[PDB]
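**Q** the sequence isn't on hand, but the structure is:
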Ligand SMILES: Cc1cc2nc3c(=O)[nH]c(=O)nc-3n(C[C@H](O)[C@H](O)[C@H](O)COP(=O)(O)O)c2cc1C
Ligand code: SF4
Ligand code: SF4
Ligand code: SF4
Ligand code: SF4
Ligand code: SF4
Ligand code: SF4
Ligand code: SF4
Ligand code: FES
Ligand code: FES
Ligand code: FES
Ligand SMILES: [Zn+2]
């Protein structure tokens, strides 16, 4: 299996700090995306760690996940500043037209939804950003152009 | 020693510095409720139901509050009672209320605290916990009644060092789980049963098989033999309102006779069988001087812990079967031909206090010698089911010819009592004489220490012996052995802390000092017997001279031996 | 690079690179913060740097280093962090011309280099114009937003490259450390406690007592640790401080480690912010090659080391108790106290945990003394507090004010009033950690004690302004939903009571509510405040309780009358028909599945609210638009 070669040299370079577990579980998602259902108890039995403790770590933090991620991830902000300018209805328009709920992805083409709050463009309307093409002032009717160029 | 002066509820208190404000108020004739606290665990503070009010006017938890000079506290103020009532309403708002179906009925602590705090109308009605029940083997997990106290995780973390289960998810939807919701058989569990003993709700229980026993009894052509464990005789009476440690052998024999069982036997006969076989093995290993140290096989959980974690010690383990399986083989091999019954038509039931026996009964390699197993709680529930009054029964003895026993096989429910039952036999077989007077008892292997060590001198020959109770102490002693500091000869390991008297099948108790009472009961039972030596039993010798003619023979190697295979799957 | 020797060599290199800045004539700089790098900031940079490479300009080099230390540059491109006024961007500034240019979308990028650089003229059509006044502002200090701010903590930001160590050193920093090694530690602690400095974020405890208590603990190896992580989704200060100038944070770390006697330290920053953690890695590596970090610092013998630990999300991680667990590599579950974190924290060693606003004022306090720092603000609690203004105001963004001034000029004079000429309703301070303040208590000075008697705490410092447009029940339910999703779930009160309160608020805002729910909300709020374990559960019901305490009229309107005064709750909408504007098309009857509107054609219709499903399709489907949501 080719999977058991990319996870080997990462437990030797960024694993010399005494007590590091969070960093290793983050670079795996960074370099592959999907946190595998099989690698977890392998990295557990490897160094010193029971599988139960790192399973508990993996499901607590919202950044980690155990379900397929699409190529393109869309975030709807939803901080307390970008909530007063009608940012509740834009996610409703998203789920009305595309189909998937928040936190559930359509694995077919490329799409995934996520709810990270209050990005650094705070002060420029509710900021619904695509992976690298953050927008500004948005309207429930503007959604269509997001489906136009990104499709 | 430095004492601290304070007042609690208007009463002066003298207590040593360092005790909490809950554990130092128990000796005033007052007790404050709590669910997240146990006497064997570090305080955790997840219940938030043991709160009290100090002088300032803010509610402070008690199970993790050290006491200092100059506080006034009150545990009956209306604000504290209102807070406790609201907290229990919040708990019971999300609990599936099938108290008829709950196995922990009439013993659940949540039920008793809901009765005590006078809850009558739940105002907070909303979304409940709706999970799905899965099967795991001898452990029945229902994550609909969990209150997330964390006792099971801490007892599998702080004491056992097994790390089998851990928390998962967050918020209202958090629960206790193995990795990826795999069954407990394939996880790192070793089936010790400690998590079952400490659960204050009905989340963790036993997969109960009274039904199969009932169609076994109802079949007119099936003959039923039931065997009883040594550690059951000292703990059953607690189920009927007696003081723990009362000898109830005759009463439970009468109850088993009236329950419809065809024959009743004790497993002390097979225990003496194991003692004499293990003594022969130890003498053989001393004469060759190979494969040291050698480990006992009396605990299935220890065998699982070796097969899962330490597969390199497999050649160093004794190949003798557990006494339960040896009694099953004897009943289905020798007794059946004596009575004149077919092997398929004999039903063997066991009453043992352990939980790993439930898993061990269904191994494919044992050829299904025993068909079903029980624990003490199910035996008590059957006794109360048939209507038998336990107080006013009459004492009656065991059956024949596997009923009588010796004093060497009555101390298996104590940490150290197995090797203490084998040193007398080794002394007899190697020296040629028998111990007399107080030299029968070995005082160096009694107590409750984590690791017990002794250097026993027999006819000028010294042997080094060790006892480890609890898997944590076993891991420590295995580390010491692999360090090569000192060499041993014969090592006993019991998975549960304190021996088989603290197994998962024993009845629930709230007294903090039950272990001392159970040890005293076991020792009083041992000292109240005429014969104290395993070698002096008669029917053991009769069985050898009629069917085997020699211990450690080819027939004994065929029937009283098994082999172990590694379970550590490569990743 | 060359290694730094003792203090006199540091001053020599100080002078040598002070020469570097005065060997230049013209400089241009761009806001490099996250505010500009969302609508095009590097795009403006490349729209202009290629012009400089085709207009006969040779000295173009941006990153100043040792190889280019002796290059007299006629033009110099700078990269600076959050200069301020991030409401209107991207921000451009050139020196020594003295202009303040906003709205620099790349449509006239060629005019700025032809006019201001060559002809030394100022373009007026793109300058900032106040819609209320119409005046044109050319100087930064002349701007009303910068008029009354005290640029004290943020002295070096907006004019110092975060990616160049030689830029911060050449401003006048890193002298407090040099003065500190040449003097004792007890007088450092005495100056700290005498200055009146106390914790900026969260609690507000005096830092002098914590530092002295850490000093009094005789331990071999103790820790110094940084909690810079703005978990609350209200403001942005963790973004500004590190991405502006991280070297002052490292200098504060060095001062603290020399004072208490620490030899290794940690910084906890969220990994979701890539630019900030990247800048910290660059600063740490450049300082490590620079020689101020390590063993035998400047020939004294004091040893120090810094690690940057990347977090993994959750808001309940910096409680000062779950953070040590998270760094250790376990779940972020808070543990009980006592023992506190000052006696046995990270790996059972003593720790000191200060927000990174307290580790920023330390070099200023060391340089100027406690007499100067205590001279600002009320003597009960000194210093200045930074704020992030957001909501329905004309000017949003970062602000730093002398603490003790009235809120009215903070919200109206600095903020430029309320946008769209609407009416102001309420202010929320601290995000989820604070309550509401209405218009009636706008004349209260901002400080610890008077705000404590008002029931609201400043917390992190995020200030959000909400107008009459919204309904307060929805705002409280939004806070409750955030708290419900963002808990940890260890103790019964928080875990159960937050869900119950969220369900009760959702029932009320849906129109299914009943009488007596307010008493249940108050009882639950009291119990959850009293019986929680950490600060999150102790502080969670504060927005709901404050909204009930100040806006009972909204709750009574939602419960009994079944009408929302602001018309922001869609579950209590009321559609009405204009009789004159209706022509009896009947499309509302056709498109509504239940058809609660019934009437004759070419006649006005009547709506029965009893059988109406309130889907809103009636107004949007009939093209006449006579149906209005009132
Ligand atoms: C729910 C919750 C949120 C917190 N959020 C922050 C935060 O955003 N920033 C921060 O510096 N500290 C936060 N803290 C608390 C930290 O422990 C804090 O760094 C510490 O109290 C500061 O002490 P000091 O003021 O003496 O420096 C939070 C605590 C809780 C319980
Ligand atoms: S756990 Fe207790 S309260 Fe819950 S159903 Fe069982 S007996 Fe009733
Ligand atoms: S049976 Fe023992 S090892 Fe298994 S989960 Fe329970 S306590 Fe842990
Ligand atoms: S399973 Fe039982 S012991 Fe474990 S957390 Fe749930 S209630 Fe507590
Ligand atoms: S010590 Fe006894 S009760 Fe405990 S697991 Fe072993 S055999 Fe079972
Ligand atoms: S109060 Fe809430 S956030 Fe705090 S420890 Fe308890 S459950 Fe977790
Ligand atoms: S939408 Fe206007 S014109 Fe059409 S039925 Fe309604 S009120 Fe009449
Ligand atoms: S939403 Fe209500 S008012 Fe509008 S058409 Fe439907 S029933 Fe009539
Ligand atoms: S709260 Fe939405 S970007 Fe700041
Ligand atoms: S159960 Fe005692 S403090 Fe929580
Ligand atoms: S620094 Fe970029 S918007 Fe202000
Ligand atoms: Zn409303």
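**A** It's in. Numbering: from 1, shown residues only, chains lettered A, B, ... in the order given. Ligands and ions are numbered 1, 2, ... in the order given.
**Q** can you count the residues close to the residue of the stretch 251-400 of chain B at minimum distance from ligand 12?
**A** Ligand 12 sits closest to residue B:377 of the stretch 251-400 of chain B, with a gap of 55.8 Å, by CB to the ion. C-beta coordinates here come from the backbone N, C-alpha and C atoms, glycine included. Residue B:377 has 21 neighbouring residues, counting by other CB atoms under 10 Å in any protein chain shown.
**Q** in which helix or strand does it reside?
**A** Per DSSP states H and E: residue B:377 is located in helix B:376-386.
**Q** tell me what that helix is packed against?
**A** With contacts taken as 3 or more CB pairs under 8 Å, 6 or more residues apart in numbering or on different chains; DSSP states H and E, helix B:376-386 sits against helix B:210-218, helix B:249-258.
**Q** quick one: contacts for the residue nearest the centre of chain B?
**A** For chain B, the residue nearest the mean C-alpha position is residue B:503 (0.7 Å; CA atoms, centre = their mean). Counting by CB atoms under 8 Å, 6 or more residues apart in numbering or on different chains, residue B:503 makes contact with B:193, B:197, B:231, B:353-355, B:496.
**Q** count of neighbours near the nearest residue to residue C:286 once chain neighbours are set aside?
**A** Leaving out its chain neighbours, the residue that sits closest to residue C:286 by CB to CB, 6 or more residues apart in numbering or on different chains is residue C:165, at 4.8 Å. Neighbours of residue C:165 under the rule other CB under 10 Å: 22.
**Q** contacting residues around residue C:165?
**A** Residue C:165 neighbours (CB under 8 Å, 6+ apart): C:247, C:283, C:286-287, C:290.
**Q** mind doing that once more with 10 Å?
**A** Going by CB atoms under 10 Å, 6 or more residues apart in numbering or on different chains, residue C:165 touches C:1, C:17, C:65, C:174, C:247, C:250, C:282-283, C:286-287, C:289-290, C:292.
**Q** from chain A, which residue is nearest to ligand 3?
**A** residue A:52 (9.2 Å; CB to the nearest ligand atom).
**Q** so what's the closest residue to ligand 7 within the stretch 151-300 of chain B closest to, chain neighbours aside?
**A** Ranked by CB to the nearest ligand atom, the top residue of the stretch 151-300 of chain B for proximity to ligand 7 is residue B:172, at 44.1 Å. Nearest residue to residue B:172 in three dimensions, chain neighbours excluded: residue C:499, at 4.9 Å (CB to CB, 6+ apart).
**Q** what's the helix or strand for that neighbour?
**A** For residue C:499, the host element (DSSP H and E) is helix C:492-509.
**Q** show me what the following helix or strand past that helix is packed against.
**A** As assigned by DSSP H and E, the chain's next helix or strand after helix C:492-509 is helix C:517-531. Of the remaining helices and strands, those touching helix C:517-531 by 3 or more CB pairs under 10 Å, 6 or more residues apart in numbering or on different chains; DSSP states H and E are strand B:51-53, strand B:59-61, helix B:78-92, helix C:492-509, helix C:535-539, helix C:542-550, helix C:552-556.
**Q** show me the contacts for residue 145.
**A** In the absence of a named chain, chain A is used. Residue A:145 is in contact with A:135, A:138, counting by CB under 10 Å, 6+ apart.
**Q** you looked at the wrong chain, it should be chain C
**A** Per CB under 10 Å, 6+ apart, neighbours of residue C:145: C:84-85, C:87-88, C:128, C:137, C:389, C:394-395, C:397, C:399, C:413-416.
**Q** did I read that right, it in a helix?
**A** Yes. According to DSSP: H, G, I helix; E, B strand; the rest coil, residue C:145 belongs to a helix.
**Q** distance of it relative to residue C:83?
**A** Per CB to CB, to the nearest Å, residue C:145 is found 11 Å from residue C:83.
**Q** run a quick neighbour tally on whatever residue of the stretch 301-450 of chain B ends up closest to ligand 3.
**A** Per CB to the nearest ligand atom, residue B:355 is where the stretch 301-450 of chain B lies closest to ligand 3, at 7.2 Å. By other CB under 10 Å, 27 other residues sit near residue B:355.
**Q** can you turn the buried part of the contacts of residue C:145 into a ChimeraX selection?
**A** To isolate the buried subset of the contacts of residue C:145 in ChimeraX, counting by 16 or more other CB atoms under 10 Å in any protein chain shown, use the following:
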select /C:84,85,87,88,128,137,389,394,395,397,399,414,415,416
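**Q** just curious, which of the contacts of residue C:145 is nearest to residue C:599?
**A** Proximity of the contacts of residue C:145 to residue C:599 (CB to CB) peaks at residue C:394, which lies at 46.1 Å.
**Q** grab the nearest non-local neighbour of residue B:497.
**A** residue B:470 is the one closest to residue B:497 (CB to CB, 6+ apart), at 4.2 Å.
**Q** and the one you found, how many neighbours?
**A** 23.
**Q** likewise for residue A:94?
**A** 20.
**Q** hmm, the host helix or strand of it in reach of ligand 12?
**A** Residue A:94 belongs to helix A:88-97 when assigned by DSSP H and E. No. Helix A:88-97 does not reach ligand 12 (CB under 5 Å from the ion); its nearest approach is 12.8 Å.
**Q** so after that helix, what's the next helix or strand?
**A** Using DSSP H and E, the helix or strand that follows helix A:88-97 in sequence is strand A:111-114.
**Q** and that next one with chain C, contact?
**A** No. Strand A:111-114 lies out of reach of chain C by CB under 10 Å from any CB of the partner chain, never closer than 10.9 Å.
**Q** what does chain B have sitting close to ligand 3?
**A** Within chain B, the positions near ligand 3 by CB under 6 Å from any ligand atom are B:155-156, B:160, B:162, B:164-165, B:189-195.
**Q** which of the three states applies to residue A:74?
**A** strand.
**Q** close to ligand 4: what parts of the stretch 1-150 of chain B are there?
**A** So the stretch 1-150 of chain B meets ligand 4 at B:146-150 (CB under 6 Å from any ligand atom).
**Q** export these to JSON lines and tack on neighbour count, distance to ligand 12 and secondary structure?
**A** Shown next, in JSON lines, are those (neighbours: other CB atoms under 10 Å in any protein chain shown; distance: CB to the ion, whole Å; DSSP: H, G, I helix; E, B strand; the rest coil):
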{"residue": "B:146", "neighbour count": "20", "distance to ligand 12": "37", "secondary structure": "coil"}
{"residue": "B:147", "neighbour count": "21", "distance to ligand 12": "36", "secondary structure": "coil"}
{"residue": "B:148", "neighbour count": "20", "distance to ligand 12": "35", "secondary structure": "coil"}
{"residue": "B:149", "neighbour count": "25", "distance to ligand 12": "40", "secondary structure": "coil"}
{"residue": "B:150", "neighbour count": "19", "distance to ligand 12": "40", "secondary structure": "coil"}
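**Q** centroid-nearest residue for chain A?
**A** Centre-nearest of chain A using CA atoms, centre = their mean is residue A:63, 5.7 Å out.
**Q** tally of neighbours for the nearest residue to that residue once chain neighbours are set aside?
**A** Nearest residue to residue A:63, sequence neighbours excluded (CB to CB, 6+ apart): residue C:313, at 4.7 Å. Neighbour count of residue C:313, defined by other CB under 10 Å: 19.
**Q** so residue C:313 belongs to a helix, correct?
**A** No. Residue C:313 is assigned coil when assessed by three-state DSSP, not a helix.
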